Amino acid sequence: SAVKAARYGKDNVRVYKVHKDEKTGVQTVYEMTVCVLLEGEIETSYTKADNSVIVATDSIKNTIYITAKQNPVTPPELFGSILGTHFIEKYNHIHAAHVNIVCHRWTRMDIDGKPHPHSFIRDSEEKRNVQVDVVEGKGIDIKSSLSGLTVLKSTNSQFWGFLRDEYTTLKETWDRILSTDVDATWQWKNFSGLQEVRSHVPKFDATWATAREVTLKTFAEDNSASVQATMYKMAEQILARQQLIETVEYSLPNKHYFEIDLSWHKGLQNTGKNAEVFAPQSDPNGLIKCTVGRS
């Protein structure tokens, strides 16, 4: 037998950083969960009990805190690139670093219509994420994403004209509820190294904001023919607005809300045009994926 692939590191490293403005007294907080996995010439730790090649996972944890102390943690694309680059430059035998960051929301509170200097609220479990792969000699690959954005529209969704055969019981519909949890990922063109990532720093927050805005507006305004059709419209718009993106991937559950026939009870009408009360279904759920790139 032989080691075909190996990676190891530290997962679930929670990090908080505060920035304090001297002049204004305003404080800004950032909270993330970080995972770093390393690859390189480490096979002998597995095959020969040779620990000399192991940068301890505990040391990886220390490095994450030290790096956060000495560098900006925002945008996360930059922080992840700094962190990954550190490992491949510091350790001769480490040749790839894989950095995953999940950013948690701490949104500044409005108290009496004024933004508060040091108080924050977690407005939703929506996350902003990055995956950064730093590979020696091959540059920096960054995938940025938003996840956990949960939306619902109560009308202007349709689903008809699908394949009907002996396995089909679903009725066609011209008016249904559509609800999903949005997972959207945009993959940047490969960057040659840290200097190039630094050169594009303003694009990272702007593109995240664009992706979120396009997702919300398209969902709200499309008279949706299917999840498939609406998601494609979202992806093509993001690609049009940011030339440094190579692909956009969406993964959308279809979280079903079923009509409840109440006609057995005193002829109560609660279906079709008379549907008011529905039963949200926890499972199963449709799952629709697509990756859209350039022609």
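Start at 1 and count along the sequence shown; that's the residue number.
Between 35 to 43 and 234 to 242, which has the higher average C-alpha B-factor in the PDB entry? Comparing 35 to 43 with 234 to 242, the higher mean C-alpha B-factor belongs to 234 to 242.
Give the stretch, out of 255 to 263 and 23 to 31, with the larger mean C-alpha temperature factor in the deposited entry. The entry gives the higher C-alpha B-factor average to 23 to 31.
Can you tell me which of 133, 126, 183, 221 has the highest Cα temperature factor in the record? Checking the PDB record, the top C-alpha B-factor among 133, 126, 183, 221 is at 221.
Deposited CA B-factor, highest of 105, 143, 153, 90: The record points to 90.
Using the temperature factors of the C-alpha atoms in this entry, rank residue 49 within its chain: lowest, middle or highest third. Answer is highest: the recorded C-alpha B-factor places it there.
By the recorded C-alpha temperature factor, relative to the other modelled residues in its chain, which third is residue 100 in? Lowest third of the chain for residue 100's C-alpha B-factor.
Would you check the entry's CA temperature factor for residue 64 and let me know if it's in the chain's lowest, middle or highest third? For residue 64, the deposited C-alpha B-factor lands in the lowest third.
Looking at the C-alpha B-factor of residue 179, is it in the lowest, middle or highest third of its chain? CA B-factor rank for residue 179: lowest third.
Ranked by Cα temperature factor within the chain, is residue 196 in the lowest third, the middle third or the highest third? Its C-alpha B-factor belongs to the middle third of this chain's values.
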